[PDB]
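Numbers for residues simply follow the sequence, beginning at 1. All values below were derived from every heavy atom in this structure, side-chain atoms included, with hydrogens, water molecules and symmetry-related copies excluded. Numbering of ligands and ligand atoms starts at 1, following listing order.
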Amino acid sequence: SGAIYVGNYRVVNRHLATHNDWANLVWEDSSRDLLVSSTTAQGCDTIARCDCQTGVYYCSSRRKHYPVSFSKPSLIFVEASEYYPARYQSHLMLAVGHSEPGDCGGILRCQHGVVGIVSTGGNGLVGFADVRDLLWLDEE
Ligand SMILES: [Zn+2]
């Protein structure tokens with residue numbers, strides 16, 4: 001589980017979104033496994049605005065923050081998980097690392113802020129849904 005709280009936005013994995021999230025929907029994209037909802041309270045998270053490919057992500061299944069190198073956001077085939085069929089996912093970044101389904105929503109950060117959230121796993125890779133292109137999270 002996990003979310004990004006930037007301004008009056010909450011960013012979650014679309015597959016983990018709640019009824020409240022859907023009742024307060026701003027934007028969602030199945031192909032990216034992202035959903036953004038509106039919040040009453042101001043969040044304090046900063047979204048990274050950069051092309052960094054090194055960062056640190058939180059892995060709940062190991063209670064560990066792992067430094068990782070990660071790929072550029074791309075359209076990648078993802079094998080079946082417990083929450084999606086085998087399919088293409090867009091704006092996805094891969095690293096070598098541990099990811100179980102319960103690790104979805106772990107934050108990946110660099111010196112510039114939040115890069116993305118864990119969205120995929122298996123075959124010894126961890127996949128992160130990028131958020132750095134969503135410049136509208138910074139305003140309004
Ligand atoms: Zn960065």
Side-chain angles (χ1 to χ4, degrees):
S1 61
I4 310 168
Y5 295 100
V6 47
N8 284 277
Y9 301 120
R10 161 172 149 97
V11 192
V12 284
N13 293 91
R14 189 182 182 283
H15 68 280
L16 297 182
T18 69
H19 162 93
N20 186 65
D21 283 328
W22 280 101
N24 292 283
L25 188 61
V26 171
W27 173 84
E28 53 82 29
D29 185 319
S30 172
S31 75
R32 294 177 72 143
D33 186 35
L34 287 181
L35 181 146
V36 179
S37 59
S38 58
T39 59
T40 62
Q42 261 269 133
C44 297
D45 294 341
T46 304
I47 310 300
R49 300 294 175 203
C50 67
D51 64 353
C52 286
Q53 288 187 251
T54 65
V56 174
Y57 85 103
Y58 184 60
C59 175
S60 48
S61 66
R62 298 289 179 268
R63 297 293 199 271
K64 278 203 191 348
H65 295 258
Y66 289 108
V68 291
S69 307
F70 52 94
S71 66
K72 284 231 155 159
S74 305
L75 178 66
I76 307 281
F77 194 71
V78 184
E79 290 306 333
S81 63
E82 70 170 48
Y83 49 82
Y84 287 124
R87 68 179 200 148
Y88 280 95
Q89 188 162 317
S90 68
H91 300 263
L92 188 64
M93 302 172 294
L94 295 181
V96 177
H98 186 63
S99 175
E100 318 229 306
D103 291 326
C104 279
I107 290 167
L108 173 64
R109 282 167 172 279
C110 65
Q111 63 206 116
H112 307 109
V114 178
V115 176
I117 53 169
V118 175
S119 173
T120 74
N123 276 125
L125 300 186
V126 51
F128 307 96
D130 184 48
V131 296
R132 298 175 293 183
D133 62 319
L134 301 176
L135 312 180
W136 56 263
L137 287 168
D138 292 347
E139 74 198 0
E140 152 101 286

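Of the possible donor and acceptor atoms, one in the side chain of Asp29 sits under 3.5 Å from a partner among the backbone N and O of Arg32. Side-chain atoms of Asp130 come within 3.5 Å of backbone atoms of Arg132 as a donor-acceptor pair (strictly under, hydrogens ignored).
A salt bridge is defined here as a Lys NZ or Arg NE, NH1 or NH2 lying under 4.0 Å from an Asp or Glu carboxylate O, and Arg87 with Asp33 fails to meet this definition.
No hydrogens or angles considered: nothing links the side chains of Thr120 and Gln89 as a donor-acceptor pair under 3.5 Å.
Within the model, atoms CD1 of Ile4 and OG1 of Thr46 stand 11.0 Å from one another, a figure rounded to the nearest 0.5 Å.
Within the protein, the number of N, O or S atoms lying under 2.8 Å from the Zn ion (ligand 1) is 4.
Taking the ring centre of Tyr66 as origin, the terminal cationic atom of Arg62 falls outside the region bounded by 6.0 Å and 45° from the ring axis.
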